[PDB]
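Working notes, beginning with the structure itself.
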Amino acid sequence: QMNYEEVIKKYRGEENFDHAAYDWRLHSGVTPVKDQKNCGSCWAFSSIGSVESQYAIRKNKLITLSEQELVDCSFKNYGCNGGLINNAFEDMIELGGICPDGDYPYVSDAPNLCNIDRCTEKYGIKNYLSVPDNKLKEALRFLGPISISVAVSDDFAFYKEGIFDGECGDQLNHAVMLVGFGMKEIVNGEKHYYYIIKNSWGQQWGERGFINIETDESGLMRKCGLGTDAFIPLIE
Ligand SMILES: *[C@@H](C(=O)O)[C@H](O)C(=O)N[C@@H](CC(C)C)C(=O)NCCCCNC(N)=[NH2+]
């Protein structure tokens with residue numbers, strides 16, 4: 001399954017890198033948010049996001065791929081009744097690529113039947129690695145956006161702009177992407193550090209789909225278990 005410490009060194013080597021801000025959105029590494037509507041398929045969106053990013057980052061190609069197919073075909077998961085990020089990545093490999101949603105469009109909880117050969121060209125992930133929770137900003141900076149868990153709550157839903165510092169979920173309950181991190185200074189001077197999350201609740205939600213959760217310079221601070229689970233697909 002490839003351990004992180006051997007993967008990380010091939011893509012970093014050295015730098016040294018800045019822990020204040022890096023935003024993939026701004027450097028052609030995050031494809032637009034989507035909306036899972038009603039249909040418990042975050043795991044599907046969180047997973048396929050990270051792969052869309054890698055095709056963006058590591059080979060130019062903008063491609064958006066079908067989380068429906070993944071909802072229809074990932075038998076290590078439970079379609080709209082839930083799923084897991086890893087399981088998803090594995091199911092992708094067994095399926096041997098995913099269709100570009102443009103061919104295999106999303107119909108949320110509307111009953112649908114898997115159809116592998118619904119698109120001549122598929123899009124694969126070679127393998128996937130876990131990112132350790134103590135090394136997220138490091139991972140983002142060199143490896144790319146990260147499919148990750150988080151304990152979402154009501155306060156989290158009413159987010160609209162700025163740095164979230166509200167209340168947290170009961171348990172890890174939702175999937176999202178990490179796409180970056182940043183820091184703004186606001187004088188009461190006080191440097192305020194945050195991670196940028198991409199969500200799957202439509203662009204109407206928060207900052208065109210995204211949300212900024214408070215953190216620290218290191219990025220050891222993880223609000224709402226931010227990435228107690230953390231995976232990134234390798235397509236290289
Ligand atoms: C995520 C969402 O759309 O909110 C979706 O409910 C989901 O899959 N959530 C995960 C939470 C993790 C932190 C990603 C989840 O609950 N996974 C386990 C579901 C599998 C077991 N459930 C059933 N019904 N077999």
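Quick note on naming: the chains in the structure tokens go A, B, ... in the order shown, residues restart at 1 in each chain, and ligands are numbered from 1 in order of appearance.
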
Name all residues at most 7 Å from residue 175 (chain A) (count only C-alpha atoms; drop same-chain ones fewer than 4 positions away) and give them as a ChimeraX atom specification.
-> /A:42-43,46,148-150

Selection above as a file: N, CA, C and O atoms, as an mmCIF file, in the first residue's frame:
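Final output, selection.cif:
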```cif
data_model
loop_
_atom_site.group_PDB
_atom_site.id
_atom_site.type_symbol
_atom_site.label_atom_id
_atom_site.label_comp_id
_atom_site.auth_asym_id
_atom_site.auth_seq_id
_atom_site.Cartn_x
_atom_site.Cartn_y
_atom_site.Cartn_z
ATOM 1 N N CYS A 42 -20.276 11.059 0.480
ATOM 2 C CA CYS A 42 -19.136 11.960 0.592
ATOM 3 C C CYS A 42 -17.886 11.205 0.194
ATOM 4 O O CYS A 42 -17.150 11.636 -0.714
ATOM 5 N N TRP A 43 -17.695 10.050 0.828
ATOM 6 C CA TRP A 43 -16.608 9.129 0.497
ATOM 7 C C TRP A 43 -16.336 9.017 -1.010
ATOM 8 O O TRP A 43 -15.192 8.863 -1.429
ATOM 9 N N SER A 46 -15.147 12.802 -2.005
ATOM 10 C CA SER A 46 -13.855 13.062 -1.374
ATOM 11 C C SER A 46 -12.749 12.286 -2.061
ATOM 12 O O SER A 46 -11.668 12.827 -2.308
ATOM 13 N N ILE A 148 -9.861 13.266 3.117
ATOM 14 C CA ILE A 148 -9.734 13.166 4.583
ATOM 15 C C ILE A 148 -11.064 13.149 5.341
ATOM 16 O O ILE A 148 -12.056 13.634 4.841
ATOM 17 N N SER A 149 -11.075 12.610 6.553
ATOM 18 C CA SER A 149 -12.306 12.560 7.362
ATOM 19 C C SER A 149 -12.472 13.837 8.182
ATOM 20 O O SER A 149 -11.583 14.700 8.148
ATOM 21 N N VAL A 150 -13.606 13.956 8.887
ATOM 22 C CA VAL A 150 -13.887 15.091 9.788
ATOM 23 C C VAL A 150 -15.254 14.989 10.452
ATOM 24 O O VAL A 150 -16.231 14.618 9.808
#
```

Using only C-alpha atoms and all ligand atoms, find each residue with an atom at most 10 Å away from ligand 1 and format the answer as number ranges by chain.
-> A: 36-47, 76-86, 147-152, 171-176, 200-201, 225-229

Contact check, region 58-102 of chain A to region 121-129 of chain A, at most 9 Å, counting only C-alpha atoms, closest pairs as a Markdown table:
```
| residue | atom | partner | partner_atom | distance |
| --- | --- | --- | --- | --- |
| A:63 | CA | A:123 | CA | 8.8 |
| A:65 | CA | A:123 | CA | 7.7 |
| A:86 | CA | A:128 | CA | 8.0 |
| A:89 | CA | A:128 | CA | 7.0 |
| A:90 | CA | A:127 | CA | 8.1 |
| A:92 | CA | A:124 | CA | 7.0 |
| A:93 | CA | A:125 | CA | 6.5 |
| A:95 | CA | A:124 | CA | 8.8 |
| A:96 | CA | A:124 | CA | 6.0 |
| A:97 | CA | A:124 | CA | 3.9 |
| A:98 | CA | A:123 | CA | 5.0 |
| A:99 | CA | A:122 | CA | 5.0 |
| A:100 | CA | A:122 | CA | 7.1 |
```

Looking only at strand (DSSP E) from DSSP on the backbone, list the matching residues of region 13-236 of chain A as a VMD selection string.
-> chain A and resid 22 to 23 127 to 130 146 to 150 163 to 164 174 to 185 191 to 198 210 to 214 230 to 234

Write out as a VMD selection string all residues of region 18-162 of chain A that DSSP puts in alpha helix (DSSP H) for this structure's backbone.
-> chain A and resid 42 to 59 67 to 73 85 to 95 136 to 143 154 to 157

Restrict the selected residues to N, CA and C atoms and save them as a CSV table (one decimal), in the first residue's frame.
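New file result19.csv:
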```csv
chain,number,residue,atom,x,y,z
A,42,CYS,N,-20.3,11.1,0.5
A,42,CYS,CA,-19.1,12.0,0.6
A,42,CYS,C,-17.9,11.2,0.2
A,43,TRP,N,-17.7,10.0,0.8
A,43,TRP,CA,-16.6,9.1,0.5
A,43,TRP,C,-16.3,9.0,-1.0
A,44,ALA,N,-17.4,9.1,-1.8
A,44,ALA,CA,-17.3,9.0,-3.3
A,44,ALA,C,-16.7,10.3,-3.8
A,45,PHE,N,-17.2,11.4,-3.3
A,45,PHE,CA,-16.8,12.7,-3.8
A,45,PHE,C,-15.4,13.1,-3.3
A,46,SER,N,-15.1,12.8,-2.0
A,46,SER,CA,-13.9,13.1,-1.4
A,46,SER,C,-12.7,12.3,-2.1
A,47,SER,N,-13.0,11.0,-2.4
A,47,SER,CA,-12.1,10.2,-3.0
A,47,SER,C,-11.8,10.7,-4.4
A,48,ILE,N,-12.8,10.8,-5.3
A,48,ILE,CA,-12.6,11.1,-6.7
A,48,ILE,C,-12.1,12.6,-6.9
A,49,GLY,N,-12.3,13.4,-5.9
A,49,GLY,CA,-11.8,14.7,-6.0
A,49,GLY,C,-10.2,14.6,-6.1
A,50,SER,N,-9.7,14.0,-5.1
A,50,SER,CA,-8.2,13.8,-5.0
A,50,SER,C,-7.6,13.3,-6.2
A,51,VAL,N,-8.3,12.4,-6.9
A,51,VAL,CA,-7.7,11.9,-8.2
A,51,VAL,C,-7.8,12.9,-9.3
A,52,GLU,N,-9.0,13.6,-9.3
A,52,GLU,CA,-9.1,14.7,-10.3
A,52,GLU,C,-8.0,15.7,-10.2
A,53,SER,N,-7.6,16.0,-9.0
A,53,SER,CA,-6.5,16.9,-8.7
A,53,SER,C,-5.2,16.4,-9.2
A,54,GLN,N,-4.9,15.1,-9.0
A,54,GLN,CA,-3.6,14.5,-9.4
A,54,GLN,C,-3.5,14.6,-11.0
A,55,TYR,N,-4.6,14.3,-11.7
A,55,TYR,CA,-4.6,14.4,-13.2
A,55,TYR,C,-4.4,15.9,-13.6
A,56,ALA,N,-4.8,16.8,-12.8
A,56,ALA,CA,-4.7,18.2,-13.0
A,56,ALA,C,-3.2,18.6,-12.7
A,57,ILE,N,-2.8,18.3,-11.5
A,57,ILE,CA,-1.4,18.6,-11.0
A,57,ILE,C,-0.4,18.0,-11.9
A,58,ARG,N,-0.4,16.7,-12.0
A,58,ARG,CA,0.7,15.9,-12.5
A,58,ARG,C,0.7,15.6,-14.0
A,59,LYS,N,-0.4,16.0,-14.7
A,59,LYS,CA,-0.4,15.9,-16.2
A,59,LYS,C,-1.2,16.9,-16.9
A,67,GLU,N,-18.5,10.0,-9.7
A,67,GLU,CA,-18.7,9.5,-8.4
A,67,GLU,C,-20.0,8.7,-8.4
A,68,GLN,N,-20.9,8.8,-9.4
A,68,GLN,CA,-22.0,7.9,-9.6
A,68,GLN,C,-21.5,6.5,-9.8
A,69,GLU,N,-20.7,6.3,-10.9
A,69,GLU,CA,-20.1,4.9,-11.1
A,69,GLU,C,-19.6,4.3,-9.8
A,70,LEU,N,-18.8,5.2,-9.1
A,70,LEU,CA,-18.3,4.7,-7.8
A,70,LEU,C,-19.4,4.4,-6.9
A,71,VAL,N,-20.5,5.2,-6.9
A,71,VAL,CA,-21.7,4.9,-6.1
A,71,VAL,C,-22.4,3.6,-6.6
A,72,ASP,N,-22.4,3.4,-7.9
A,72,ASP,CA,-23.0,2.3,-8.5
A,72,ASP,C,-22.2,1.0,-8.4
A,73,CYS,N,-20.8,1.1,-8.3
A,73,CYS,CA,-20.0,-0.1,-8.5
A,73,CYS,C,-19.0,-0.4,-7.3
A,85,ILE,N,-12.9,6.0,2.4
A,85,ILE,CA,-12.1,6.6,1.4
A,85,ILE,C,-11.2,5.5,0.8
A,86,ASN,N,-10.4,4.8,1.6
A,86,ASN,CA,-9.5,3.7,1.2
A,86,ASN,C,-10.3,2.7,0.3
A,87,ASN,N,-11.4,2.1,0.9
A,87,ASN,CA,-12.2,1.2,0.1
A,87,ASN,C,-12.5,1.7,-1.3
A,88,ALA,N,-12.9,2.9,-1.4
A,88,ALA,CA,-13.1,3.6,-2.6
A,88,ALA,C,-11.9,3.4,-3.5
A,89,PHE,N,-10.7,3.9,-3.1
A,89,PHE,CA,-9.5,3.8,-3.9
A,89,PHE,C,-9.2,2.4,-4.3
A,90,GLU,N,-9.5,1.4,-3.5
A,90,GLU,CA,-9.3,0.0,-3.8
A,90,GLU,C,-10.2,-0.3,-4.9
A,91,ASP,N,-11.5,0.0,-4.7
A,91,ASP,CA,-12.6,-0.4,-5.7
A,91,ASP,C,-12.3,0.2,-7.1
A,92,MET,N,-11.7,1.4,-7.1
A,92,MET,CA,-11.2,2.0,-8.3
A,92,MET,C,-10.3,1.1,-9.0
A,93,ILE,N,-9.3,0.6,-8.3
A,93,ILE,CA,-8.3,-0.2,-8.9
A,93,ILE,C,-8.9,-1.5,-9.5
A,94,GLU,N,-9.8,-2.2,-8.7
A,94,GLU,CA,-10.5,-3.4,-9.2
A,94,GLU,C,-11.3,-3.0,-10.4
A,95,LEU,N,-12.0,-1.9,-10.4
A,95,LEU,CA,-12.8,-1.5,-11.5
A,95,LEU,C,-11.9,-1.1,-12.7
A,136,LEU,N,0.3,16.8,7.6
A,136,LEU,CA,-0.6,17.2,6.5
A,136,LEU,C,-0.1,18.4,5.6
A,137,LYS,N,0.3,19.5,6.2
A,137,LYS,CA,0.8,20.6,5.4
A,137,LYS,C,2.0,20.2,4.6
A,138,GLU,N,2.8,19.3,5.1
A,138,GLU,CA,3.9,18.7,4.4
A,138,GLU,C,3.4,18.0,3.2
A,139,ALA,N,2.3,17.1,3.4
A,139,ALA,CA,1.8,16.3,2.4
A,139,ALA,C,1.2,17.1,1.3
A,140,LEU,N,0.2,18.0,1.6
A,140,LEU,CA,-0.4,19.0,0.7
A,140,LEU,C,0.7,19.6,-0.2
A,141,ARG,N,1.7,20.3,0.5
A,141,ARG,CA,2.7,21.1,-0.2
A,141,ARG,C,3.3,20.4,-1.4
A,142,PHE,N,3.7,19.1,-1.2
A,142,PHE,CA,4.5,18.4,-2.2
A,142,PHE,C,3.7,17.3,-3.0
A,143,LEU,N,2.8,16.6,-2.3
A,143,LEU,CA,2.1,15.5,-2.8
A,143,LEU,C,0.8,15.9,-3.5
A,154,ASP,N,-23.8,21.0,13.0
A,154,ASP,CA,-24.7,22.0,12.6
A,154,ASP,C,-24.0,23.4,12.4
A,155,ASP,N,-23.2,23.8,13.4
A,155,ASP,CA,-22.4,25.0,13.3
A,155,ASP,C,-21.6,25.0,12.1
A,156,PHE,N,-21.0,23.8,11.7
A,156,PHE,CA,-20.2,23.7,10.5
A,156,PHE,C,-21.1,23.9,9.2
A,157,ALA,N,-22.4,23.5,9.2
A,157,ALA,CA,-23.3,23.8,8.1
A,157,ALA,C,-23.6,25.2,7.8
```
